[PDB]
Amino acid sequence: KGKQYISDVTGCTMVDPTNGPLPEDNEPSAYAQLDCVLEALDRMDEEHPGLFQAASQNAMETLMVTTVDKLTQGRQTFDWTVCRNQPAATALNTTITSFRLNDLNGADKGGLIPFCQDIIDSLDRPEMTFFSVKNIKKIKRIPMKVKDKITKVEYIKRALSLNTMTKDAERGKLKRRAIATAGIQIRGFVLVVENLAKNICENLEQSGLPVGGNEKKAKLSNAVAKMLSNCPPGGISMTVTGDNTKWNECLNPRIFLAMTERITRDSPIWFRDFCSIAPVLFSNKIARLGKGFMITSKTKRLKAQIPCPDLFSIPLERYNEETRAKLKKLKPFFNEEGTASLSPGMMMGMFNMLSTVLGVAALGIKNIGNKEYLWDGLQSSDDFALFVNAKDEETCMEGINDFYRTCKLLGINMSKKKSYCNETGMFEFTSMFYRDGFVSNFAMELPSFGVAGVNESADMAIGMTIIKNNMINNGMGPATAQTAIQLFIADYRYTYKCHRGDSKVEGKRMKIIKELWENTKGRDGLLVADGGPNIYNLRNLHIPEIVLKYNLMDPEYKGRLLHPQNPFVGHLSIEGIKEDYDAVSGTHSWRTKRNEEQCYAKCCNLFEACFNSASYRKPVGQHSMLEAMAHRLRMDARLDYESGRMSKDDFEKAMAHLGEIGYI
Amino acid sequence: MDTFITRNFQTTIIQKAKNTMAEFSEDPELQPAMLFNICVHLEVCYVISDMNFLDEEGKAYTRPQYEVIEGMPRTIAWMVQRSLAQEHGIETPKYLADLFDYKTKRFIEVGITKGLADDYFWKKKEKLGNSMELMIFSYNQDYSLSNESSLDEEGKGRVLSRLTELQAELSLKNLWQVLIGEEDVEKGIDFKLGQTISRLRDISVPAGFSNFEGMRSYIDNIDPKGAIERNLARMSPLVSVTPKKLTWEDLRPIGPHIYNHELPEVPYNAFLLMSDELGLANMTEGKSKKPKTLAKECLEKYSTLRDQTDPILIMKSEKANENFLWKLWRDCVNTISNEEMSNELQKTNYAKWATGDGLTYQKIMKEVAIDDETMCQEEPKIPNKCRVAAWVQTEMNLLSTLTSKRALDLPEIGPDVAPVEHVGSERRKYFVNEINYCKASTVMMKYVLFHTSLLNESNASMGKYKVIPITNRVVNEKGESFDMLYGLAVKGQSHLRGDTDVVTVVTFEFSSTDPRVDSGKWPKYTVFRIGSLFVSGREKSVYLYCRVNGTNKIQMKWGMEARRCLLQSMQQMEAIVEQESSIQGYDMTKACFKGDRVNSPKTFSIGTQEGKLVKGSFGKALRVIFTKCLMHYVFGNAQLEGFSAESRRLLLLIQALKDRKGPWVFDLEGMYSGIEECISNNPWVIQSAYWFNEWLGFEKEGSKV
Amino acid sequence: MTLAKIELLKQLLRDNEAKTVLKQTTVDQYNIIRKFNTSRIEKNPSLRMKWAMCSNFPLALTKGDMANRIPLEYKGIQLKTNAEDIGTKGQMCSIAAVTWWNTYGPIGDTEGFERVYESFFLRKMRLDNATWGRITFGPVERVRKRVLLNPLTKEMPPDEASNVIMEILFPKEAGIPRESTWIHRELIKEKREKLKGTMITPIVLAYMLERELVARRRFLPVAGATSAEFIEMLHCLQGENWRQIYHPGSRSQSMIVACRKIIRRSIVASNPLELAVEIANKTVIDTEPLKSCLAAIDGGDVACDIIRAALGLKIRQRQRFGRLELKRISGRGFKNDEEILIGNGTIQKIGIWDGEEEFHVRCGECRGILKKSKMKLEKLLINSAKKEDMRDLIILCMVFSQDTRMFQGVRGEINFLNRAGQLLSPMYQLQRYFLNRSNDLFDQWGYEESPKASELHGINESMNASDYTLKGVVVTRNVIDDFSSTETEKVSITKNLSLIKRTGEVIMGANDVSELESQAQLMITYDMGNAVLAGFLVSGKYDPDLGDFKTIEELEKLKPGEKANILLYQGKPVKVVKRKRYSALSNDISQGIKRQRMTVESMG
Ligand SMILES: [Mg+2]
């Protein structure tokens with residue numbers, strides 16, 4: 001019911017529900033009025049002096065320091081060069097490489113601002129050259145890099161495009177939904193906007209600093225107690241347990257652009273423009289559609305997948321009724337290249353902090369028309385709980401109705417089927433059930449207590465630390481923790497074929513474990529990986545078993561296990577020692593075999609090998625790595641020659657090689 | 001940056017730099033880089049002007065040789081410069097100087113830069129001239145001095161080392177690159193918007209705005225006052241929560257269609273038999289052996305059943321080929337009993353069609369599909385709407401009872417010294433005492449082991465057909481360990497690298513229940529009569545239930561994690577005990593389970609008979625909870641998740657009704673429809689709906705009284 | 001080994017991509033280059049490990065004399081192999097080989113192992129020597145606080161710890177020792193002594209020392225002892241419905257007393273700010289100036305916060321008022337001057353707050369929420385910790401609220417001073433007057449009907465668990481956790497030592513320091529160690545006239561004043577001069593400031 005037009009930049013069909021007709025029914029509505037959103041944000045600013053300015057300044061200062069490598073953190077990202085989903089590091093380095101071919105060298109400048117500037121610039125280049133994977137049949141399918149080109153419009157579509165899939169392992173829902181991932185072009189801007197939103201929402205008491213562990217219980221208890229105290233004498237306080245489903249489909253990126261503009265009211269124009277790019281790229285987003293439909297004939301026992309670019313090449317009469325109607329309604333927004341323009345709404349997980357800020361702004365109205373009720377609540381990532389204090393149940397229901405209608409004006413829809421109300425003192429929030437001052441969070445599935453699959457020592461340390469952390473945070477009781485220890489030890493013994501030497505189990509490693517069982521006098525000092533007895537209990541979950549058994553180890557067993565020069569340890573395998581678990585180095589500290597990639601890999605491996613410090617702490621310098629490598633190699637060769645560790649011919653060869661490099 | 005300045009510069013330098021910035025009306029906070037540069041300049045100047053004095057003869061040695069002029073107000077510095085020039089009879093520089101050298105009686109300008117020292121030296125000389133001497137130092141260990149005797153080695157080296165240390169510290173903090181030299185310090189972080197992004201911004205504004213500049217101005221200038229109130233007044237009154245006070249009468253039975261006797265009875269669809277299971281037992285010393293050898297030995301003990309080669313079909317489901325399934329079973333037996341050690345089936349071609357693998361459609365290129373008018377899209381298959389079945393209640397009754405055999409064994413943990421671990425040990429002892437011997441534990445262990453074997457063999461082999469025994473290790477009260485063989489399975493073409501495609505599994509499982517007793521429970525099973533047994537001197541027929549099923553690697557993995565049911569079944573109980581332990585000081589585990597001097601044992605309402613509710617011990621409720629978790633695992637799918645999630649709301653509403661919290665519902669039929677859309681064919685969901693209706697009736701009666 | 005290094009460097013240089021990346025990329029940017037990896041980490045780690053452990057040779061063995069000690073096979077089991085490899089050109093091995101090595105193999109030497117891993121052994125010593133008590137199964141009152149997870153040998157900011165570890169483990173790459181090495185010279189030397197004679201990989205030692213030196217703090221619920229010794233064992237001591245008694249087997253107090261003494265000395269004299277900063281930056285605690293540990297901890301005591309504000313440092317924005325810790329929640333309050341008559345009959349002109357406001361209030365072990373309007377207290381909700389804390393919190397909140405009832409409740413006089421003999425503002429005088437006479441405003445405050453509710457219960461004027469509570473005072477049998485969103489916003493300092501926000505609002509007060517004396521546990525003083533590369537000063541560029549560079553031991557042979565060629569940090573060839581004396585930039589800068597100011601004064 002909004003405004004339908006055609007995007008001149010991309011040619012897609014755009015829909016604008018913002019500032020549209022007010023809803024006339026109880027169906028979901030995206031027609032959020034801008035003036036109402038600005039009213040809510042102005043109220044939020046009034047109740048929190050200088051929170052917007054502080055958050056904007058903090059976000060700007062953190063952005064000035066953030067580097068390009070920060071984009072390597074996250075999950076699978078859309079890669080335009082291959083139009084696929086690839087890890088963040090893969091997509092980032094592919095984009096950096098393909099930008100060099102286009103004379104966009106902002107990545108080499110370090111900081112995130114120049115890289116994002118080059119990302120913005122890339123949208124203007126008349127063409128776009130990159131390296132694409134091409135498979136040749138030589139019969140073997142060999143993939144290689146080919147210098148491919150795409151004109152401007154296709155590149156813009158790829159940059160604005162959002163890859164899609166079906167969310168997996170989403171318990172509590174009968175039917176599935178669509179989860180989406182974005183490319184590298186919007187990653188940095190989204191990062192900055194999310195940092196700004198988090199800075200805002202950590203101060204808000206309704207949302208609170210995003211709480212983890214048992215801070216949720218404290219938040220719920222504080223909210224209930226505060227509301228009950230605020231309740232007038234002889235009045236009634238009612239809690240609404242609310243739940244919005246598909247509430248991100250009625251949230252408009254234009255509204256979020258307005259919120260970003262309002263939040264940064266007093267900031268340099270450069271940061272105001274920088275923070276306005278994620279909403280801009282989300283309002284013009286393109287939704288890549290799955291992998292197509294499959295049509296089969298059973299009189300011929302044939303099947304064939306129809307790629308999405310060819311959805312409408314088949315008469316609609318050859319689809320099932322539901323798919324027929326879906327395609328018939330999708331035709332207006334279908335793009336010839338196999339995508340559908342999706343301007344309104346927002347996919348899950350993109351703007352969580354910003355949406356929470358909007359929800360808290362809705363909560364902070366607290367009243368309508370100076371009526372005899374006050375409402376306040378908690379908001380977090382699509383889940384909200386409301387509390388209304390009034391003088392009777394009728395007035396509380398009037399307040400709840402007013403809150404519902406007000407939320408309709410901001411694009412926030414609450415599920416009437418999933419939301420209910422009762423007297424204050426019993427409710428639920430973020431799958432956490434409060435009742436009479438007792439909170440019963442029982443929706444966090446305890447992670448399967450099995451080996452983390454990194455190596456024996458590290459796996460044992462990780463498992464014990466995980467059990468202890470569960471005890472500390474998730475209210476795990478003593479007996480449950482002990483049973484968790486037992487289950488983890490069972491899984492650990494099963495995975496690594498390390499059963500007690502006195503057991504009757506057989507295997508390749510178990511024969512040697514049995515031998516060690518009797519060849520070793522001190523039997524309680526053996527690590528469990530060596531057939532030793534487990535000695536972990538609640539009290540000693542924070543001390544490595546290598547230390548825990550040091551005094552009981554036999555004189556030779558500790559030496560063998562703790563032999564300073566043993567072959568099962570390599571320096572390059574220590575990168576993951578930190579990420580956090582506390583352990584020790586020993587024969588059980590081995591690594592797994594490996595199942596511009598190799599260029600960077602080998603260059604950095606050599607860099608670390610020459611200087612063992614680069615692995616631990618960032619090196620410092622204002623010169624090429626090659627010259628520093630050459631100089632340190634010269635010093636090493638001279639030291640070896642002086643100390644007799646190297647011969648005259650070896651040093652002569654080293655100097656000849658260095659001159660070949662050109663540093664003599 | 002301010003942290004860097006504070007850490008690396010004294011408060012005096014910061015104060016002097018701030019004063020200098022204030023004199024020029026430059027805000028240090030808005031231009032931190034300029035403040036840092038001024039601080040560095042002051043530091044280097046003061047360092048240079050140290051340890052240098054003039055003796056009586058006037059020669060430099062270590063009255064000061066150097067007098068600092070930088071760092072004081074503009075007026076005071078100008079007075080100092082003019083007074084020095086007049087006293088020493090030297091021309092007063094037109095530009096304020098930094099230091100003054102009495103030995104040479106000259107004005108010295110100190111500067112710093114990031115680039116080559118020579119370039120900055122030339123620039124400064126051009127800007128100021130030769131009227132004053134020029135010392136320039138650069139961060140790259142290079143410098144330019146007009147006179148080399150002005151500064152000895154020590155001073156220049158010290159300033160160079162300080163600059164290098166500052167550079168390294170800045171590089172560590174990722175601030176050196178952000179840092180900008182004095183030439184560019186009078187700037188910001190430039191970020192210009194292009195053309196395409198500018199246009200996209202222009203075409204992404206709400207209705208009523210022509211460009212983004214108009215939107216920016218509107219948000220910056222106009223103040224909204226009563227916009228929410230203005231819009232609520234003109235909103236239609238049909239937009240409302242429509243609240244309605246909830247009452248016991250409003251609550252009604254869920255899924256009334258489950259009482260419709262026209263619908264078919266719910267069939268048994270669990271992966272393996274649970275209450276009807278039969279396990280051939282072979283007593284062993286405890287030595288662990290390969291599953292193939294265990295199955296071979298168990299079959300060898302029961303040679304009459306193994307050698308049975310004439311099937312007596314009892315009922316073929318709808319389409320299963322009796323010949324295919326029987327020949328596949330015989331192939332399984334022969335493979336298990338062969339002298340080889342590989343478990344792969346020896347046919348590999350008959351098994352291709354017996355399992356139905358060969359009856360798979362052939363992919364064709366999309367073009368032929370487009371041109372072929374007879375290739376359509378298969379209509380979605382909707383789950384059948386079934387009614388309550390009497391076998392789910394029987395399974396619930398049977399699985400939550402103590403047996404003579406326990407299959408649950410867990411590792412040991414270190415001794416207990418603290419009292420807390422002692423109470424944890426006591427709680428664990430009671431829990432495992434009331435859970436070790438229940439049949440649900442044996443069924444759970446069997447499921448876990450079978451799924452582990454399935455996943456291992458799927459990883460090992462993909463394109464061949466393998467035999468996987470359904471095996472368990474079961475220890476009884478006397479401490480005897482039996483190997484229990486519950487049947488065999490043929491795992492077929494697992495051409496599945498992902499975790500969302502079907503892998504065929506044909507399961508042949510021993511059982512003693514007559515399929516004709518409850519014909520409506522086994523419409524998916526082709527069952528033969530393979531023999532008879534004397535369990536305790538009494539004859540019992542031995543049937544073989546055959547069924548073709550499918551799995552996914554994710555299903556096998558999550559089956560491997562059925563053991564967490566145990567955890568789920570203890571946390572709960574622990575909480576209960578904790579509550580009691582909170583009510584009265586001493587630990588209530590002993591009191592809760594079997595009672596004590598001053599507390600009778602805890603009891604829970606477990607079921608009913610003839611419409612009268614029945615109570616049971618804490619252990620019985622424990623077994624019921626464990627069986628509930630096990631059934632949630634066994635019958636878990638989208639339907640069960642949806643039903644549980646949607647019925648949680650009704651449970652909480654009923655709890656609010658019980659406590660007299662005056663609950664309200666904005667719409668009740670929507671919630672009821674959401675709950676009832678998940679009750680189609682899952683046995684556990686339908687039985688849970690029946691149980692929920694029964695409990696709701698009991699709760700209504702309790703509310704009446 | 002360097003032979004292989006140069007060979008592989010040449011091999012890399014063979015292709016042009018290596019040549020362009022190596023020369024184009026600097027040393028600093030290498031970090032980014034490190035993160036552009038495959039990112040092909042396993043999706044199912046546990047399952048992949050289970051599958052790998054069944055493979056014949058899943059371990060990547062090293063090449064060396066020790067590795068070859070492992071038999072080719074042992075009693076049928078093929079421990080290792082001689083097969084060639086393409087993925088890494090290495091050798092593979094079986095876990096059975098690890099078991100054999102731990103069973104039959106060369107016994108190594110273990111003498112420095114305990115010293116290297118002394119932290120974990122100290123943890124086990126604390127556990128072993130501890131004594132246990134009894135369990136209280138009743139509900140426990142836990143409080144959310146920031147706590148240190150494990151004990152530390154010494155607490156430094158991350159940068160200081162990183163520098164210290166760099167100094168210890170890597171004698172090379174130690175250019176221009178910062179103002180942190182001579183601070184921890186004893187620590188550096190003891191670490192070097194303990195870590196000499198050990199062949200353990202340097203990166204493992206670096207991470208271990210980082211754990212042992214960098215403070216790890218987290219917001220945890222604690223009940224009772226908050227020292228890291230108890231926090232490490234928190235998983236066993238604490239519980240939602242149980243409690244246990246546990247007895248495990250410094251510079252902070254000295255810093256507190258020093259800061260309080262500095263504040264007391266400065267306040268008495270005019271222009272306290274200048275005197276305070278002079279004493280602060282001229283102070284030392286046995287090895288270091290005050291700006292060595294003040295940055296180590298975020299915030300702290302009120303005196304420490306004031307001193308940090310006087311210096312250049314960041315502090316928490318939490319408000320302090322006597323013994324009350326206040327965190328604002330919402331609302332804008334305007335401080336306007338107003339003339340109010342006190343119950344004594346006198347009239348005082350004081351600043352009153354206009355506008356509703358709310359605070360998370362803490363005092364001792366008591367926490368609560370106070371909502372107050374202008375010249376009135378609206379509501380106060382508190383937990384139940386202890387009688388004294390309840391009384392103090394109630395009195396201080398009533399004083400802060402500036403309710404007219406408190407003003408009417410004044411019966412004595414307000415003319416008190418401090419230990420220095422100074423007249424205080426009416427607010428603090430009223431606070432002291434009410435604290436001294438607790439049963440003064442409570443009697444005339446008024447009573448209210450008990451908070452009829454399931455859990456909200458009232459507290460009488462006697463602090464006993466009885467009905468008929470004070471007007472607006474409610475006690476909730478719940479947990480109130482507060483003090484979130486620590487921004488450390490910018491704070492200005494006035495000449496009177498009273499901290500203020502970005503605007504004119506005042507957060508900290510000079511008198512907020514408690515007038516308590518503790519002497520000092522350390523030696524307060526008012527005015528071979530150090531580190532490697534400490535007697536040399538960078539001067540000039542490479543200057544290839546010296547040819548190759550020289551090592552530290554070679555460097556020490558040179559007499560003072562000789563030029564040497566050194567590699568600074570990750571390369572950076574520079575020329576240095578052996579220092580003939582010991583340098584101190586702070587002393588030189590102070591002398592320069594003194595010369596400048598004495599010049600100006602003499603001219604004046
Ligand atoms: Mg909810």
# chains A, B, ... in the order shown; residues from 1 in each chain; ligands from 1
$ interface_residues --of "chain B" --to "chain A" --cutoff "6 Å" --atoms "only C-alpha atoms" --output "VMD selection string"
chain B and resid 168 171 191 196 201 204 to 207 224 227 to 228 236 239 to 241 287 to 288 361 to 364 366 370 375 to 377 379 411 413 to 414 424 428 571 638 to 639 641 to 642 645 661 to 667 670 to 671
$ interface_residues --of "chain C" --to "chain B" --cutoff "6 Å" --atoms "only C-alpha atoms" --output "list in words"
residues 137, 138, 176, 312, 537, 538, 539, 540, 541, 588, 589, 592 and 596 of chain C
$ write_last_selection --atoms "N, CA and C atoms" --output "mmCIF file, in the first residue's frame"
data_model
loop_
_atom_site.group_PDB
_atom_site.id
_atom_site.type_symbol
_atom_site.label_atom_id
_atom_site.label_comp_id
_atom_site.auth_asym_id
_atom_site.auth_seq_id
_atom_site.Cartn_x
_atom_site.Cartn_y
_atom_site.Cartn_z
ATOM 1 N N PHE C 137 22.560 -24.297 53.104
ATOM 2 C CA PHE C 137 21.650 -24.605 52.009
ATOM 3 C C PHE C 137 20.564 -23.556 51.813
ATOM 4 N N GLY C 138 20.480 -22.554 52.679
ATOM 5 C CA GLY C 138 19.492 -21.516 52.527
ATOM 6 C C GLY C 138 19.816 -20.609 51.359
ATOM 7 N N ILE C 176 65.556 1.080 22.388
ATOM 8 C CA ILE C 176 65.118 2.222 23.188
ATOM 9 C C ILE C 176 64.206 1.757 24.316
ATOM 10 N N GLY C 312 46.828 13.006 33.950
ATOM 11 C CA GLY C 312 46.129 12.669 32.725
ATOM 12 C C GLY C 312 45.786 11.196 32.675
ATOM 13 N N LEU C 537 72.491 4.766 22.364
ATOM 14 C CA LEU C 537 71.554 5.776 21.890
ATOM 15 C C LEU C 537 71.586 5.814 20.370
ATOM 16 N N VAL C 538 70.405 5.770 19.752
ATOM 17 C CA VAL C 538 70.309 5.739 18.296
ATOM 18 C C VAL C 538 70.805 7.059 17.723
ATOM 19 N N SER C 539 71.643 6.978 16.691
ATOM 20 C CA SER C 539 72.204 8.171 16.060
ATOM 21 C C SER C 539 72.526 7.849 14.608
ATOM 22 N N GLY C 540 71.718 8.360 13.686
ATOM 23 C CA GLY C 540 72.017 8.234 12.273
ATOM 24 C C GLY C 540 71.377 7.027 11.619
ATOM 25 N N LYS C 541 71.759 6.826 10.361
ATOM 26 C CA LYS C 541 71.217 5.782 9.511
ATOM 27 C C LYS C 541 72.187 4.601 9.445
ATOM 28 N N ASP C 588 65.407 16.150 32.318
ATOM 29 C CA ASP C 588 65.778 17.193 31.367
ATOM 30 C C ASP C 588 64.615 18.142 31.115
ATOM 31 N N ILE C 589 63.410 17.598 30.947
ATOM 32 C CA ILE C 589 62.249 18.441 30.685
ATOM 33 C C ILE C 589 61.934 19.305 31.900
ATOM 34 N N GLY C 592 64.342 22.122 31.936
ATOM 35 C CA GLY C 592 63.958 23.110 30.939
ATOM 36 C C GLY C 592 62.805 23.983 31.397
ATOM 37 N N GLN C 596 62.931 28.033 31.958
ATOM 38 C CA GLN C 596 61.998 28.943 31.298
ATOM 39 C C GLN C 596 61.267 29.811 32.317
#
$ residues_near_ligand --ligand "ligand 1" --cutoff "7 Å" --atoms "only C-alpha atoms and all ligand atoms" --output "list in words"
residues 241, 242, 243, 383, 384, 385, 428, 429, 430 and 431 of chain A
$ residues_around --residues "residue 691 in chain B" --least-positions-apart "6" --cutoff "10 Å" --atoms "only C-alpha atoms" --output "list in words"
residues 393, 607, 685 and 697 of chain B
$ residues_around --residues "residue 522 in chain C" --least-positions-apart "4" --cutoff "10 Å" --atoms "only C-alpha atoms" --output "CSV table (one decimal) with N, CA and C atoms, in the first residue's frame"
chain,number,residue,atom,x,y,z
C,250,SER,N,49.3,-5.1,49.9
C,250,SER,CA,50.2,-4.9,48.8
C,250,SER,C,50.3,-3.5,48.3
C,251,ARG,N,50.4,-3.3,47.0
C,251,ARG,CA,50.5,-1.9,46.5
C,251,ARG,C,49.2,-1.1,46.6
C,253,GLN,N,46.8,-0.8,49.0
C,253,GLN,CA,46.6,0.0,50.2
C,253,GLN,C,47.6,1.2,50.3
C,254,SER,N,48.9,1.0,49.9
C,254,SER,CA,49.8,2.0,49.9
C,254,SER,C,49.4,3.1,48.9
C,255,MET,N,48.9,2.8,47.7
C,255,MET,CA,48.4,3.8,46.8
C,255,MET,C,47.2,4.5,47.4
C,257,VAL,N,46.5,5.2,50.6
C,257,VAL,CA,46.9,6.1,51.6
C,257,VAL,C,47.7,7.2,51.0
C,258,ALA,N,48.6,6.9,50.0
C,258,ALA,CA,49.3,8.0,49.4
C,258,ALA,C,48.4,9.0,48.7
C,285,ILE,N,56.7,5.1,44.5
C,285,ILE,CA,56.4,4.0,45.4
C,285,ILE,C,57.5,2.9,45.2
C,286,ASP,N,58.6,3.1,45.8
C,286,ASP,CA,59.7,2.0,46.0
C,286,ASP,C,60.3,1.6,44.7
$ residues_around --residues "residue 358 in chain A" --least-positions-apart "2" --cutoff "10 Å" --atoms "only C-alpha atoms" --output "list in words"
residues 37, 40, 41, 44, 197, 201, 251, 255, 256, 259, 352, 353, 354, 355, 356, 360, 361, 362, 363, 364, 379, 407, 410, 411 and 412 of chain A
$ write_last_selection --atoms "C-alpha atoms" --output "CSV table (one decimal), in the first residue's frame"
chain,number,residue,atom,x,y,z
A,37,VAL,CA,10.0,7.6,15.0
A,40,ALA,CA,10.4,8.5,20.0
A,41,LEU,CA,14.1,9.2,19.4
A,44,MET,CA,14.9,8.9,24.3
A,197,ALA,CA,23.9,1.1,18.1
A,201,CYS,CA,21.9,0.5,23.8
A,251,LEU,CA,11.3,-2.9,9.6
A,255,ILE,CA,13.6,4.3,9.1
A,256,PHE,CA,17.1,3.1,10.2
A,259,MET,CA,17.7,6.9,13.1
A,352,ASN,CA,20.0,-6.1,15.8
A,353,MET,CA,21.3,-3.3,18.1
A,354,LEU,CA,19.6,-0.6,15.9
A,355,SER,CA,16.3,-2.5,16.0
A,356,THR,CA,16.6,-2.9,19.8
A,360,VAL,CA,13.4,0.8,23.4
A,361,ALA,CA,12.4,4.1,21.9
A,362,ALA,CA,8.9,2.7,21.5
A,363,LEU,CA,9.0,1.5,25.2
A,364,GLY,CA,10.1,4.9,26.5
A,379,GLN,CA,13.6,-5.2,24.8
A,407,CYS,CA,4.2,0.2,18.1
A,410,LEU,CA,6.9,2.6,14.3
A,411,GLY,CA,6.7,-0.5,12.1
A,412,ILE,CA,6.9,-2.7,15.2
$ closest_residue --among "C:473, C:399, C:516, C:294" --to "chain A" --atoms "only C-alpha atoms"
C:473
$ residues_around --residues "range 505-512 of chain C" --least-positions-apart "6" --cutoff "10 Å" --atoms "only C-alpha atoms" --output "MDAnalysis selection string"
chainID C and resid 263:264 267 302:303 305:306 317:324 326 333:335 418 424 428 491:494 496:499
$ select_by_dssp --residues "range 292-467 of chain C" --states "alpha helix (DSSP H)" --output "ChimeraX atom specification"
/C:302-310,387-401,404-408,426-436,441-445
$ closest_residue --among "C:140, C:603, C:390, C:96" --to "residue 515 in chain A" --atoms "only C-alpha atoms"
C:96
$ residues_around --residues "residue 673 in chain B" --least-positions-apart "6" --cutoff "10 Å" --atoms "only C-alpha atoms" --output "short mmCIF file (atom, residue, chain, number, x, y, z; two decimals) with C-alpha atoms, in the first residue's frame"
data_model
loop_
_atom_site.label_atom_id
_atom_site.label_comp_id
_atom_site.auth_asym_id
_atom_site.auth_seq_id
_atom_site.Cartn_x
_atom_site.Cartn_y
_atom_site.Cartn_z
CA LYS A 417 -1.26 -15.22 19.01
CA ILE B 254 -6.54 -29.10 21.90
CA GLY B 255 -6.78 -31.06 18.67
CA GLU B 646 3.23 -23.46 20.97
#
